[PDB]
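Close look at the chain arrangement
Here are the chains, one letter per residue:
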Amino acid sequence: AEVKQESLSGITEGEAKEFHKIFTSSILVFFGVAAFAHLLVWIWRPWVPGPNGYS
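Residues numbered from 1 in each chain as written, not as in the entry; some residues may be left out. Heavy atoms only, no water.

Header annotation of the entry names solution NMR as the structure determination method.

Here it is in structure tokens:
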């Protein structure tokens, strides 16, 4: 309405850019880790089990 590529462009584009980058990043990093992480653990099943049995 009244706004127009003003100084607020950093606020709107800033937060928006954050949610976007964090979104994509979290996706690739999530599956990315679970991917290699699972294939490298040699067990692929526990998924961050920690000190507690091994079934």
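As for a nonpolar patch on the surface
Using the following cut-off: Only residues whose relative accessible area exceeds 30% and that take part in no salt bridge are eligible for patches, with like-charged residues grouped when within 9 Å of each other and nonpolar side chains (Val, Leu, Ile, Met, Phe, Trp, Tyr) grouped when within 5 Å. All accessible-area figures derive from a Shrake-Rupley calculation using a 1.4 Å probe, and residue coverage is judged against the displayed protein chains alone. By definition, a salt bridge exists where a carboxyl oxygen of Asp or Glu is found within 4 Å of a side-chain nitrogen of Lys or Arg. Working definition: helices are DSSP H or I runs of at least four residues, strands are E runs of at least two. Numbering for both runs from the N terminus.
A grouping of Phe19, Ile22, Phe23, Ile27, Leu28, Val29, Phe30, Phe31, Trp47 and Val48 is seen on the molecular surface, where their side chains present a nonpolar patch of about 1100 Å² in accessible area. Positionally, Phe19 belongs in helix 1 (residues 9-41).

Here's the deal with the UniProt feature "transmembrane region" in the protein
To keep things clear, this is the line we draw: UniProt positions are given in the numbering used here, feature names are shortened, and annotations may be inferred rather than shown by experiment.
Cross-referencing UniProt, the feature "transmembrane region" maps to residues 22-44 in the present numbering. Note that residues 22-44 is 87% helix and 0% strand, and that its end C-alpha atoms are spaced 26 Å apart.

Some remarks on helix 1
Test applied: By this rule the span expected of a helix is its residue count minus one, scaled by 1.5 Å.
With 33 residues, helix 1 should reach 48 Å at 1.5 Å per residue; the first-to-last C-alpha distance of 45 Å fits that figure. Following helix 1 by one or two positions, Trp42 adopts a phi angle in the positive range, close to 75°.

Regarding the packing of aromatic side chains
Filter applied, for reference: Aromatic rings from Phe, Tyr and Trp, taking only the six-membered ring of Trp, are treated as a pair when their centres fall within 6.5 Å; an angle between ring planes under 30 degrees marks them as stacked, one over 60 as edge-to-face, and anything in between as tilted. Buried residues are those whose accessible area, probed at 1.4 Å on protein chains only, stays under 20% of the maximum for their type, while exposed residues exceed 50% and partly exposed ones sit between those limits.
Counted according to the given criterion, the structure contains 2 aromatic pairs. Seen from their ring centres, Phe19 and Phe23 are 5.9 Å apart, and the 25° between their planes marks the pair as stacked. Linking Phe19 with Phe23, this pair stays in helix 1, spanning 4 residues, or about one helical turn. Measuring from ring centre to ring centre gives 6.0 Å for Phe30 and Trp47, while their planes differ by 40°; the resulting arrangement is tilted. Of the two residues, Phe30 sits in helix 1 while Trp47 sits in the segment after helix 1, which places them 17 residues apart along the sequence. Exposure remark for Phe30: the relative accessible area of 48% places this residue in the partly exposed category. Given a relative accessible area of 47%, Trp47 falls into the partly exposed group.

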